[PDB]
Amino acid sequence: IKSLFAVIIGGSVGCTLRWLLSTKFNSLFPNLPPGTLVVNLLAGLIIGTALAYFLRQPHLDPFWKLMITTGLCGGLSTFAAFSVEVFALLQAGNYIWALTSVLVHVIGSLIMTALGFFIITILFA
């Protein structure tokens, strides 16, 4: 029950952020909507740092780990929007940006996780 509040409090902030970020920005470059991208990189950044930090503090309350990863990162990022955008571009005959959207999101959100992880790995050393 206390864990369901971590997911709901953490996931509400993330869903709200992804919403405010996705409407205020997505329409500016329809070939690769940038609101659905920043939340995914920013959530990839946060999960990467969450990865390295939670390792060095094994005694953290699972409430705060749940709020940041399953809640915040989970709500903030989104596969659905990334699909319809790519599905929209495939149905529009825009194969080059469908492939680029896929390539950028995946290569990018991994690079943003490796960045968050090693920045904390390196700061602790």
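Residue numbers here begin at 1 and follow the sequence given.
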Residue stretch of maximal mean CA temperature factor, 59-67 vs 34-42:
59-67
Would 114-122 or 2-10 have the larger average of its C-alpha temperature factors, as given in the entry?
2-10
Checking the entry, which one of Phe79, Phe29, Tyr95, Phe87 has the top C-alpha B factor?
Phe29
Determine, from the deposited record, the chain-internal third of the Cα B-factor for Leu17: lowest, middle or highest.
highest
